[PDB]
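Participant: First the structure, then my questions, so here it is.
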Amino acid sequence: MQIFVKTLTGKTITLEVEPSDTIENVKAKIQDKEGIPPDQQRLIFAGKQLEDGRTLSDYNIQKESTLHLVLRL
């Protein structure tokens, strides 16, 4: 499956995931792709700040969803 990650700056990432992927694992693939440590990553979907230990499936994040990545310090 393909999901997307859209940033405050407009740039788009695309990630291959599974519904059983944890939000933390999405942050790991982002770090594998962009070098951004996972602690600097907040993911949001439908206004819900997604917690690291739940899965996409837990949030009904399905094929071709577009999450929202807000970096932090």
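Chain labels follow the order of the structure tokens: the first chain is A, the next B, and so on; residue numbering restarts at 1 in every chain, and ligands are counted from 1 in their shown order.
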How close does segment 17-37 of chain A get to segment 61-66 of chain A? List, as CSV, each residue of segment 17-37 of chain A within 10 Å, its nearest atom pair and the distance in Å to one decimal, counting only C-alpha atoms.

Facilitator:
```
residue,atom,partner,partner_atom,distance
A:17,CA,A:63,CA,9.4
A:18,CA,A:62,CA,9.1
A:19,CA,A:61,CA,7.3
```

Participant: Env of residue 36 of chain A: 12 Å cut, atoms = only C-alpha atoms, seq-sep filter 2 positions within chain, self excluded. Answer as a count of residues only.

Facilitator: 19

Participant: Could you give me, as a PyMOL selection string, the residues within 12 Å of residue 60 of chain A, counting only C-alpha atoms and dropping anything in the same chain fewer than 6 positions from it?

Facilitator: chain A and resi 18-20+45-46+48+50+54+67

Participant: Compile the contact shell of residue 11 of chain A as a PyMOL selection string: residues with an atom at most 12 Å away, counting only C-alpha atoms, same-chain residues fewer than 3 positions apart removed.

Facilitator: chain A and resi 4-8+14+34+68-70

Participant: Find the distance between atom CA of residue 37 of chain A and atom CA of residue 58 of chain A and write it in Å to one decimal.

Facilitator: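 Calculated distance between atom CA of residue 37 of chain A and atom CA of residue 58 of chain A is 23.3 Å.
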
Participant: Just how far from atom CA of residue 12 of chain A is atom CA of residue 51 of chain A, in Å to one decimal?

Facilitator: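 Distance between the two atoms: 21.2 Å.
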
Participant: I need the strand (DSSP E or B) residues of segment 35-71 of chain A per DSSP on the backbone, written as an MDAnalysis selection string.

Facilitator: chainID A and resid 41:45 48:49 55 66:71

Participant: Please indicate the distance in Å from atom CA of residue 43 of chain A to atom CA of residue 24 of chain A, rounded to one decimal place.

Facilitator: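 Going from atom CA of residue 43 of chain A over to atom CA of residue 24 of chain A, I get 9.4 Å.
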
Participant: Could you please write out, as a list in words, every residue of segment 7-60 of chain A that DSSP assigns to alpha helix (DSSP H)?

Facilitator: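 Assigned to alpha helix (DSSP H), within segment 7-60 of chain A: residues 23, 24, 25, 26, 27, 28, 29, 30, 31, 32, 33 and 34 of chain A.
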
Participant: Write the residues you've just listed into a file as a PDB file, in the first residue's frame, and include N, CA and C atoms for each of them.

Facilitator:
```
ATOM      1  N   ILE A  23       2.667   3.917  13.935  1.00  0.00           N
ATOM      2  CA  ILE A  23       3.062   5.287  13.606  1.00  0.00           C
ATOM      3  C   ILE A  23       4.560   5.474  13.824  1.00  0.00           C
ATOM      4  N   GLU A  24       5.111   4.825  14.851  1.00  0.00           N
ATOM      5  CA  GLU A  24       6.556   4.863  15.033  1.00  0.00           C
ATOM      6  C   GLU A  24       7.279   4.295  13.820  1.00  0.00           C
ATOM      7  N   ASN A  25       6.773   3.200  13.254  1.00  0.00           N
ATOM      8  CA  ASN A  25       7.452   2.630  12.097  1.00  0.00           C
ATOM      9  C   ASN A  25       7.369   3.550  10.887  1.00  0.00           C
ATOM     10  N   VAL A  26       6.256   4.277  10.738  1.00  0.00           N
ATOM     11  CA  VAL A  26       6.178   5.300   9.702  1.00  0.00           C
ATOM     12  C   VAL A  26       7.248   6.362   9.937  1.00  0.00           C
ATOM     13  N   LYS A  27       7.458   6.738  11.198  1.00  0.00           N
ATOM     14  CA  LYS A  27       8.508   7.702  11.498  1.00  0.00           C
ATOM     15  C   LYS A  27       9.889   7.134  11.200  1.00  0.00           C
ATOM     16  N   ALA A  28      10.063   5.815  11.342  1.00  0.00           N
ATOM     17  CA  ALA A  28      11.344   5.190  11.025  1.00  0.00           C
ATOM     18  C   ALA A  28      11.619   5.220   9.525  1.00  0.00           C
ATOM     19  N   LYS A  29      10.601   4.930   8.713  1.00  0.00           N
ATOM     20  CA  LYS A  29      10.768   4.999   7.267  1.00  0.00           C
ATOM     21  C   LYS A  29      11.032   6.432   6.806  1.00  0.00           C
ATOM     22  N   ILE A  30      10.400   7.414   7.465  1.00  0.00           N
ATOM     23  CA  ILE A  30      10.692   8.822   7.195  1.00  0.00           C
ATOM     24  C   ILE A  30      12.148   9.122   7.527  1.00  0.00           C
ATOM     25  N   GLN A  31      12.625   8.622   8.671  1.00  0.00           N
ATOM     26  CA  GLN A  31      14.031   8.807   9.034  1.00  0.00           C
ATOM     27  C   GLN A  31      14.953   8.048   8.090  1.00  0.00           C
ATOM     28  N   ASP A  32      14.521   6.871   7.624  1.00  0.00           N
ATOM     29  CA  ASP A  32      15.293   6.145   6.627  1.00  0.00           C
ATOM     30  C   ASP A  32      15.328   6.886   5.302  1.00  0.00           C
ATOM     31  N   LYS A  33      14.262   7.621   4.983  1.00  0.00           N
ATOM     32  CA  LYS A  33      14.155   8.358   3.730  1.00  0.00           C
ATOM     33  C   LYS A  33      14.763   9.766   3.793  1.00  0.00           C
ATOM     34  N   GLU A  34      14.584  10.491   4.898  1.00  0.00           N
ATOM     35  CA  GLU A  34      14.951  11.900   4.953  1.00  0.00           C
ATOM     36  C   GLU A  34      15.970  12.261   6.028  1.00  0.00           C
TER      37      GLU A  34
END
```
